[PDB]
């Protein structure tokens, strides 16, 4: 016996050779993408042999085995229906009506704080899925770049905990939501910002990453880090949005100066420089496809699902997902933690970085904000998602009424 031939016969279906197109649509139907980095040796040796013998698209038992030999384990799990969502193509059908039912929520106002987020169309709306096994799906404006704005706050918090540890990082920032009037206090009773998901806490966290080095290297360090979270998909930077947050952030200068007064940074901090490094991290660009892999990295204990690389410590991922649970959606956070129960994080460009732990990561994006600062279609979509599947933090995996469980068979 051998898994290469075991896999060979499962696609061969009693015939003696496999057309390679029949193999890739079998592959593409599992939800994997042929561009997947863990499939690259196999696609290399398929493209080589559809050159080697350009006659017959067809593959004998060793022509198949020489091609899938080096990734065979991940193709067995794909074809033996062992991915976390086994019937991925029903799931994407469901994603599609969830996307298309959120698509007709009219309302919201595009953030017009700066000329750069007024430049985005209200009818843009994209959602991208990446599961803990690399299965992907997108619908809508998923390859359109936009800035994370404060979707970067969990990502930089995780990096800070990864290099520094929870105890150090939480000498300087709290771990609870403020209370839903204190939309306007900077510090809790211990003179620490309430948590890493508010501006005062984010600014303090930004002050802890890669100390002792200038703002050019730190930005690279976070970008090197954000690159691996996305399995090297698109992570960019829009200098346009940086310059306009550069002279329209009197609040962050207010927070920055208030924090310097009450001695909330580590010794030797250049506060004004930390604000610029902060403003830059907010102008970093992604698409929903790029970002959903970042989200799935958090869904997968800190391992990038499409590379197998250890990006974040499990301690870092854990803290980041518990604070996104409770403080991730501005004033809607408690309502969100009750009704949706998923770690999510919103940003003013229209992003919602969503994580369904142990299953998948997501990014939803539509620029029209509601009156608390959260993308309207994102909020609607994430409600309909939990109303349809047992993904809520406190749904039961055995008795879940008439919800769906994409993790299961029939």
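Numbering follows the first chain given and starts at 1.
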Mean Cα B-factor check, 56-64 vs 366-374, entry values; winner is 56-64
For 252-260 versus 113-121, entry-based mean Cα B-factors point to 113-121
Of the residues 278, 182, 336, 157, the one whose Cα carries the largest B-factor in the deposited record is 182
When the entry's CA B-factors for 76, 269, 300, 290 are compared, the highest one belongs to 76
Among the modelled residues of its chain, the C-alpha B-factor of residue 379 falls in the third labelled lowest
Residue 40: CA B-factor among chain residues, third -> highest
Residue 387: CA B-factor among chain residues, third -> middle
Residue 346: C-alpha B-factor third of its chain, per the entry, is the lowest
Residue 131: CA temperature factor from the record, placed by chain third, in the lowest
